[PDB]
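1. Just need the structure, nothing else, for what follows:
(one chain, ligands or ions: 1)
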Amino acid sequence: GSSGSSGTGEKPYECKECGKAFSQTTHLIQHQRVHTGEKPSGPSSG
Ligand SMILES: [Zn+2]
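-> Residues are numbered from 1 along each chain as shown. You can find the structure just below:
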């Protein structure tokens, strides 16, 4: 009941920031780039 952690189908690689599954570990790491490279109004730090 509510166990999850089951890769019945979806790839074991999914972005935990937006929600995107990729069929390549390298793809997931690359996508993150979009998350770590934006101009957030009022850039204080980061
Ligand atoms: Zn993402």
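2. Now do the phi/psi pair for residue 14.
-> Note on residue 14: backbone dihedrals following degrees, to the nearest 10 are phi -140, psi 130.
3. count of residues packed around it?
-> Other residues near residue 14 come to 13 when the count uses other Cβ atoms under 10 Å. Every residue, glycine included, has its C-beta placed from N, CA and C.
4. Next, the distance between the ends of stretch 17-28.
-> Across its full length, stretch 17-28 reaches 11 Å between end residues, using Cα to Cα, to the nearest Å.
5. Run through who's touching it.
-> Judged by Cβ atoms under 8 Å, 6 or more residues apart in numbering, the contacts made with stretch 17-28 from elsewhere in the structure are 10-11, 13-15, 31-32, 35.
6. Try it again at 7 Å.
-> The contact list for stretch 17-28, computed with Cβ atoms under 7 Å, 6 or more residues apart in numbering, reads 10-11, 13-15, 31, 35.
7. buried stuff in it?
-> If you call a residue buried by 16 or more other Cβ atoms under 10 Å, then stretch 17-28 has these buried ones: 22, 28.
8. Can you report how many residues lie near residue 29?
-> Using other Cβ under 10 Å: residue 29 sits among 11 other residues.
9. Name the SS class of it, please.
-> The three-state label given to residue 29 by DSSP: H, G, I helix; E, B strand; the rest coil is helix.
10. quick one: residue 37 from residue 29, how far?
-> Taking Cβ to Cβ, to the nearest Å as the measure, residue 37 falls 13 Å from residue 29.
11. same question but for residue 35, I mixed them up
-> Distance, residue 35 to residue 29, by Cβ to Cβ: 11 Å.
12. Kindly report the same for residue 36.
-> Residue 36 is 11 Å from residue 29, by Cβ to Cβ.
13. Which stretches in this protein count as helices?
-> Chain-ordered helices for the chain, with DSSP state H as the definition, fall at 25-35.
14. where does it come near the ion, residue by residue?
-> Proximity of the chain to the ion is confined to 15, 17-18 under the rule Cβ under 5 Å from the ion.
15. Mind doing that once more with 6 Å?
-> By the criterion of Cβ under 6 Å from the ion, the positions of the chain lying close to the ion are 15, 17-18, 20, 31, 35.
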